[PDB]
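In: Sequence first, structure after, both from an experimental entry:
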Amino acid sequence: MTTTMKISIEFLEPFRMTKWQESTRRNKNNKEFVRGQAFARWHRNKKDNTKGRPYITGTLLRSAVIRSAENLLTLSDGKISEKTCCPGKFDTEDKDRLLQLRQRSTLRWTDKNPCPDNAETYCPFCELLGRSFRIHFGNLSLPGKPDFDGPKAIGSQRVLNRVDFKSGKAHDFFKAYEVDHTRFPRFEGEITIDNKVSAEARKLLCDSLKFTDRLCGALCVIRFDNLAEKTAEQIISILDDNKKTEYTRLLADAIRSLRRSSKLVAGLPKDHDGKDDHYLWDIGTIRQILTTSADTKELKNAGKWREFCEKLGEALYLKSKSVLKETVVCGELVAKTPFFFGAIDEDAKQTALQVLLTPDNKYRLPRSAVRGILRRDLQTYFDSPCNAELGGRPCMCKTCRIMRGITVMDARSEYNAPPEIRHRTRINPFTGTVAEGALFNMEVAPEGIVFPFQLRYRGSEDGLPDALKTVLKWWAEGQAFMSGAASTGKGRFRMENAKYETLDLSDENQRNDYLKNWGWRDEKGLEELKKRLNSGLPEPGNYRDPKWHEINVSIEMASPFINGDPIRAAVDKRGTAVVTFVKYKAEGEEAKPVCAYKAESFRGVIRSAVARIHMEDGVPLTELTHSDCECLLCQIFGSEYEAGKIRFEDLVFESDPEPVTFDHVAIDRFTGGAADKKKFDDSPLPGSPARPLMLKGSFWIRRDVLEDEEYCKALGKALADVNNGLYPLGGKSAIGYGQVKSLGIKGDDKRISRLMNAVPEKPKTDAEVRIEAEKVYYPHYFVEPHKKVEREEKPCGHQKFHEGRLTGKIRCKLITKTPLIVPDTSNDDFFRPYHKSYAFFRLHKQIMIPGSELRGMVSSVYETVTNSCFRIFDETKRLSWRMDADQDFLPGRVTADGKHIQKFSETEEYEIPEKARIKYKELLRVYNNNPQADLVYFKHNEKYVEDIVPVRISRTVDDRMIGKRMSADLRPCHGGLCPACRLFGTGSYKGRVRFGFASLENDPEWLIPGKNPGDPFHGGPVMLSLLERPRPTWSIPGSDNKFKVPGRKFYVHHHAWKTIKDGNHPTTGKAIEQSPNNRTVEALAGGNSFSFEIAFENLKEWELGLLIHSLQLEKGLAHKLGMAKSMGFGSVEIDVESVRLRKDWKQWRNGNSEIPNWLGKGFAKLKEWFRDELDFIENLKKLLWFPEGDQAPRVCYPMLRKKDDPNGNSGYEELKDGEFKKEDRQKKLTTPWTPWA
RNA sequence: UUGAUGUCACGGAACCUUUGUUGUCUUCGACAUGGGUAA
Ligand SMILES: [Zn+2]
Ligand SMILES: [Zn+2]
Ligand SMILES: [Zn+2]
Ligand SMILES: [Zn+2]
């Protein structure tokens, strides 16, 4: 009868399945069909659509139970007392008809001859298998006969590889369908019986079923008995209405990043002023839509929220386009590093690579990866690469012999959360900028997750084997690099709390109980095993060292550190443009922000450092296509056709720092004020010499590489180069961030660390100016550049140090003459417990100057001393001019569209052009939005209209833009390059100089004593005047084309800080009254020393001389630096103290005596380009000339009305004649030190 | 819908290769007004 055993196969792993195939190709010839003879199959009731159920064939169960019977009869006794068994009568009538044949070898427990053909009850194994369609039948299927859309709907497809042991690159791969058991746990089937077999037959069937470990290709317990497309349309319609489609991908990334929880939408970043006009979240608005969607009653589940956000991001991205023993070893796999497993899918096109997430949004540890890693470890221990191929016969090598009885169980995590995302970019060596389209990201799991693990080895020897003992010892030590991206650094599992128990041998009592109780492989079975397991681990019988030696690193940084993360900047509470990289761990269902440095960035820096120094055959080794070759760099690091030998790891900080906000502003080189654009800000981590950041971490090296000679020589050379401060870490190195002091190496056994470890007087001035004792001098004057430039030579690359080039470091000292100010611009109420108050810069209670300000100060001097393009300039500004009553405007009206305007007689039509509309549009732009706050009139020549104005007299509008004034040569070079852009760099071309922060050498000084003479750590307040906007309209008198931009703007040096110190106006002599616009700040007394360093790379002989000349200038001339330079606050002079170069990785040289050759040869290059041009060089020296003794100039800004300041000051009302004219403003400001009075 | 006297798929790691890097001194002085005049 039908012994209907509804054998619920409670899988502990996702069982596998095959894609459906039509009956036409259902034959032995089909490769996919013959391959998929051991997995499940998808039955389709109707072929029009993919509706159906999964089915299971009973032949697979028959094969599995027959194999179990083979093993059990081999193990237990060899022969039963009641009846004697045989090895098994196996024969084929025809080989072709059989789809597959047992190509392995059976067991030989008995040598008794094959049974007679003509017999009925002659041995148990034969009478079970047949030869006497009446025993098994059987088809397992889903419970209740459900219906589903299809195999893709109920599960998913995953792809498996075959990695060669030697190279590492996979050769061939295949796909299969996997289905989880969390919602499909049970299966229902039946097994028949003739009611003829003996009791031992049923006993063999039952205990063989209990003994089976893997069925349907998975370890298991064989237990017998809308409203999103509309949202996407709304967002894309808002973007189309507001245009600016370039931000679609950025918005997609930002809105996909909000899948953590619904609480982050409320705390989205705000405007700089705290308003609600963010440039992305208020483009419409989108913020209101997000808030009211988050407040919806249905979208309260975290799962619903995250999947809705994912759907929105995905749709928006697409729119944008014999003695036998057993062992029960267990343990816990604590993850000490992020891990990644390839589960690439097609739905999430935004992210190329995705981790293997379970259907319940939890992480998975597939058995394939574990088995592959075990294969790698055992093969590299035995030193016998298994060169077997698919099919044939199972090779009898030691590795396969050991692995023919190894099983490992799948595991699942518990930290259910959306995985974080990590970016990656490529760098072009010849330009130092990201390549086109080299922007991609991969999704990575968090760190600090526990995975249960259980190993069941069914051996045939006494105890565990020595190879497996050594492998487990290595794993417990923490040498188990399991997950992928091991070259990057991801994946490192340490077996914690190892606790094993060698179960037994092929006995008849404890083995019988083990068989009786299902082998304790279920959850409760695992519990009552763990209650009796014994701690410890067996010792190795013959220990072998691992092939991966650990190296420690201790990097010390003495400056702020920054690592970019643009996507994370769109969700932080503060609206900062650039923020440091942050990683999240798993601290018990918590995500603490942990600051770290990207292992990818560190690996890239090391790779570039080792690449730049070596020389293969005269080529730089960077421009080589590589591909297939045997370079040293390829051999060490790896290429597309070979795995690497070095693995890096993330570096963390040995402190608890918190970010500090800095922000910069660009300055136009002609107006002297802010250039608008965007006040970009950054939040670099804090770091100072007093409390330097201690970066600590460790990377791994292969033992063969360490033992090799040339490889360790290359590594030592690269480490020495990094230690010499030539490859700063992090980003924004051109400002001063990411400077490195030292790099110690330990644990290398003294194999790599062994390789690594009269200033000429300045010249005298020659300029001469005549300062009067009564004349009043204007604050700022203009310097005119040359007509043309020398934008001819091609810039040098960054592939390798070429012959005749120079590289090193420069030390200098800065001493202030006049009072210096560097406001914080962070806290507005420091002195004031409305009015604004600021103090001097402070990082760690150690006052210093930022390096970017010095960068700008010296870059301006270089750009003016050698003619070059205006690097920062605004070329979109229309200038109006309020005209006077000297004109011939005619009346008219604008009502008839198409017919344009018409004339009037009292107090036959003219067409209007389209350009005239633009002038009217901008005319009513600050007419209403003034700071100090349809009948029309038109013009004509014969049929055109020149200008259109509302009122009888108003401001004439300029036709050509401001940018079309100066010559084409001086216009900015956005992308051969002018000499200034060659050195400091460009948006496309990286620079070749680096600056750094300043620091003190003596105790501080202050202009005024503090509120209480308690300590010198703080200064006192001083009242400033009113700082007011510049206006180019004064420099450009009118609309005539003859007027053009004169050049650059500079402030002369004078002594007016005395007047500001006490309550006297710089001009009218009155006291400064309290008001919301006035300013109060701190001040340092003149005479404070400072010190800072400059680095350089790949400089010509003449270029280096110019930079030193452009930096120090010469005694008697000083730069200008600080706040409120109009009133003469802050003058600094740079004095060189040491110049160092480098000749080789081992040898450095103090080239202190060679500077006269460079300085002398610097002017030689000037004669080559410009022969007789010296006025613009001489004019610069006149502007920066310092007031010597008893030559105090009088500098002030005159006011409007002469009646004001009755001392005799002439105001601007009557200054527009005699002294200044309409046609003399440009030339009057040409000569420096020209008194207006 | 499994078709019987043979399935080591417990015969296979989405594995390999790429620095969110570059370019910006928290800087700062001149007017604003529409008519007046006017048949
Ligand atoms: Zn037999
Ligand atoms: Zn083998
Ligand atoms: Zn190569
Ligand atoms: Zn240029």
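Out: Okay, I see it. Numbering: from 1, shown residues only, chains lettered A, B, ... in the order given. Ligands and ions are numbered 1, 2, ... in the order given.
In: For the helix or strand residue A:475 falls within, name the packing helices and strands.
Out: Under the criterion of DSSP states H and E, residue A:475 resides in helix A:466-477. Secondary-structure packing of helix A:466-477 (3 or more C-beta pairs under 8 Å, 6 or more residues apart in numbering; DSSP states H and E): helix A:367-382, helix A:398-403, strand A:493-500. (C-beta placed from N, C-alpha, C; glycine too.)
In: Please list the outside residues in contact with it.
Out: Applying C-beta atoms under 8 Å, 6 or more residues apart in numbering, the contact partners of helix A:466-477 are A:329, A:374, A:377-378, A:381-382, A:398, A:402, A:457, A:480, A:493-495, A:498, A:537-544, A:546.
In: Put the buried members of the residues you listed into a ChimeraX selection.
Out: Remark: buried members of those, expressed as a ChimeraX selection using 16 or more other C-beta atoms under 10 Å:
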select /A:329,374,377,378,381,402,457,480,493,494,495,498,537,546
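In: measure the closest residue to residue A:418 other than its chain neighbours to ligand 4 for me?
Out: Nearest residue to residue A:418, sequence neighbours excluded (C-beta to C-beta, 6 or more residues apart in numbering): residue A:259, at 4.8 Å. Noted for residue A:259: a distance of 45 Å to ligand 4, by C-beta to the ion, to the nearest Å.
In: and residue A:948, how many residues sit next to it?
Out: Residue A:948: 21 surrounding residues under other C-beta atoms under 10 Å.
In: how much space is there between it and residue A:628?
Out: Residue A:948 sits 70 Å away from residue A:628 when distances are taken as C-beta to C-beta, to the nearest Å.
In: swap in residue A:1152?
Out: Distance, residue A:1152 to residue A:628, using C-beta to C-beta: 49 Å.
In: of the two, who's got more company?
Out: Using other C-beta under 10 Å as the criterion, residue A:1152 and residue A:628 rank with residue A:1152 on top: 15 against 10.
In: Remind me which helix or strand the residue of the stretch 451-600 of chain A found nearest ligand 1 belongs to.
Out: The nearest approach of the stretch 451-600 of chain A to ligand 1 comes at residue A:506, 22.3 Å away (C-beta to the ion). For residue A:506, there is no host helix or strand (DSSP H and E).
In: mind listing the strands for the stretch 1051-1200 of chain A?
Out: Assigned by DSSP state E, counting those that start in this stretch, the strands in the stretch 1051-1200 of chain A fall at A:1079-1081, A:1089-1099, A:1119-1120, A:1131-1142, A:1148-1149, A:1194-1195.
In: Put together TSV for the ones you listed, with mean neighbour count and distance to ligand 4 on each row.
Out: What follows is these, written out as TSV (neighbours: other C-beta atoms under 10 Å; distance: least, C-beta to the ion, whole Å):
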stretch	mean neighbour count	distance to ligand 4
strand A:1079-1081	20	36
strand A:1089-1099	18	18
strand A:1119-1120	20	23
strand A:1131-1142	18	25
strand A:1148-1149	14	34
strand A:1194-1195	19	33
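In: how about those, which one is nearest ligand 3?
Out: When those are compared by C-beta to the ion, strand A:1089-1099 sits nearest ligand 3, at 23.6 Å.
In: what's the neighbour count on the residue in the stretch 651-800 of chain A positioned nearest to ligand 3?
Out: For the stretch 651-800 of chain A and ligand 3, the shortest gap (C-beta to the ion) falls at residue A:714, measuring 13.7 Å. Neighbour count for residue A:714, taken as other C-beta under 10 Å: 20.
In: tell me which element it is part of?
Out: Assessed by DSSP H and E, residue A:714 sits inside helix A:709-723.
In: buried ones in the following helix or strand past that helix?
Out: Using DSSP H and E, the helix or strand that follows helix A:709-723 in sequence is strand A:740-746. Within strand A:740-746, the residues scored as buried using 16+ other C-beta under 10 Å are A:740, A:743, A:745.
In: Switch those residues over to CSV; also include distance to ligand 3.
Out: Listed next are the buried residues of strand A:740-746 as CSV, based on distance: C-beta to the ion, whole Å:
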residue, distance to ligand 3
A:740, 28
A:743, 27
A:745, 27
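In: Would you format the residues you listed as JSON lines with distance to residue A:1113 included?
Out: Formatted as JSON lines, these follow (distance: C-beta to C-beta, whole Å):
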{"residue": "A:740", "distance to residue A:1113": "30"}
{"residue": "A:743", "distance to residue A:1113": "36"}
{"residue": "A:745", "distance to residue A:1113": "43"}
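In: Considering only these, which also neighbour RNA strand B?
Out: For RNA strand B, no contacts are drawn from the buried residues of strand A:740-746 by C-beta under 7 Å from any atom of the strand.
In: give me the residue from chain A nearest ligand 3.
Out: Across chain A, the shortest distance to ligand 3 (C-beta to the ion) belongs to residue A:631, at 3.2 Å.
In: Pretty sure that residue sits against residue A:616.
Out: Yes: proximity of residue A:631 to residue A:616 meets the contact threshold set by C-beta atoms under 8 Å, at 5.9 Å.
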